[PDB]
Structure formats: structure tokens, C-alpha cells
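First, one chain by itself in C-alpha cells, the form deposited in one PDB entry.
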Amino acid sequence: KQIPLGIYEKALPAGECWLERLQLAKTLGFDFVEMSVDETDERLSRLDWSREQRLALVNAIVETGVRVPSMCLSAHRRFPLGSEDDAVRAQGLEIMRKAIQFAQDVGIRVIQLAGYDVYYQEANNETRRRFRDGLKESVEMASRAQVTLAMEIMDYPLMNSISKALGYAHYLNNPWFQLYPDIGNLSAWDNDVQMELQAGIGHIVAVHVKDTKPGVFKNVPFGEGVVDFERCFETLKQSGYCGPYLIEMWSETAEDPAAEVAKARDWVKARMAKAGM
């Protein structure tokens, strides 16, 4: 009767002591934190951490009891796998290799992939093909290492539904490729959200919890968007989902991040409770 609840790294204060980060998450009542490896040189430099830095993270996790089971790899927005610039695409694949090695090192269960063929450039048939082939190569790296890659449902039309991610799953036909729906992103298009959630059961390994509006996929306060949280929670519970939920928010920049996080936590937990969890 346990429901693992997590908080996005970027909801908490920015300081790079992981022991304190994990200790804070613990006091706020979270079971885990999801690491961000984003477009910043600073967070990307984590992939070049020394052995001692990697083992310090493991130590902090074992000592606090607060896991880092997942990594959001949004760095691919900057170095996408579908880039027509072969130099950019090579660094995207290199980032993928290092993220997988990083996950092996520190015991990260799931690398959440960004479903962008290109983000800053215009998409075409070539970027789609290169994204597909880059994704296949990534999944082969993941197969060797035995590390799960889970495709996020995106703020972007290529990967804006569970159905589209399932299309990729059928193509790859690999146990290390799974689904990480974001119920906010899933609700901000023209999807039959409740059917999508049910359809993805069997491949859903984690769920991002955030609110959205059409065209607005970031920093929409809980309750001010279009997400039907209770219905999504009901669908997932009734279909047999037993995995974690991660509250995605960016309260890093707030006057009091911990206070913002605590409010969102209680808000989300109330909707889970209503849905029988």
C-alpha cells in the first residue's frame, strides 16, 4: 500500500551538496529526488564527475534513505539526436553514453529521455530519421549496461502522446525502452488522456505530475491548468500502476523553495487520496 513520491531536483535550492538536498527532501516527506542533467554546462559537468564525487552521491543516498532512481536528461534539447549538424548529434550521443555510465556508477534506475528530434532548429524528414537512428543506438548502449531509458511524453508534437511513444516501443522492441508519461504534457494537446494512460500500462515506469495549459508546459501553478489530476490518478490506480510519481516544478528560483514544494506536495497528495491512493 505504498506510493513512492518524489520531487524534481529543480524544485529545491540550487546548492550542489547532495547530502543536504536529500536531507531536505526527506524532511519534506519525499522518498526520492529526480536528478536533472539539463542544458547547463554546470549540470552537464556531473557526467564528468570523479569516482569520489560519484561515490559521495551513493553515500548520501544510502545515509539519508532518499533515492535518486531517475535522471531527467533534458540536455538533449541542446544536443538533440536528430540534429543535422553531425558535431551536435555526436555530442548528444556522447552525452547519452556518459549518462548511462553515470547511472551504472550511482545506481540510477531510469534515464528519462527527451523526445526532441530537434528543438532549436526546424524539424524535417532528416531530423526524424536521425532521431530514430540515434534512439536505436541509445537503446543498444542501454541494453549492454542494463539501464532503462524511458521516453517522456513531451511539450513537442513528435512525442506528445503515449501512442506516439508506443509507436517507438514497437519499432525498437527492446526491454530497456519504456514510457515515462508527464500527465501535464499529455493533457495540453488533443489527446484522449484517460485512454492513453490505460493504453501505456505495461510500459509505464514512472509518472511526472504537473499542471499545464495549451502552449504553456512550464510553471503553470497546480490547479490553474487543464489537468484532471484525480481522474488520471484513478485511471492509473485502477489499471494496476504501482510505480513512483514525481512532482515536476521549478521552485528553485522562489523566495522559499521548500515552502512552495510543501504546498504542492499537500495539493497533489490530496488528489491522490481522492482517487483511492
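Only residues modelled in both forms are compared. Numbers follow the displayed sequence, beginning with 1. The term rigid core refers to the maximal set of C-alpha atoms that superpose within 1.5 Å between the two forms.
Keep in mind that the form deposited in another entry is not shown, yet the notes after this line are about it.
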Once the rigid core is lined up, just say which one of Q121, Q198, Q101, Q91 has a C-alpha that travels 2 Å or more between this form and the one not shown. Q121
So the C-alpha spacing of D117 and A199 changes by 3 Å or more in the other entry; is that change toward closer or farther than shown? closer
Distance trend in the other entry - C-alpha atoms of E122 and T212, change of 3 Å or more: closer
With the two forms aligned on the rigid core, where do runs of 3 or more residues move by 2 angstroms or more at the CA atoms between this form and the one not shown? 114-123
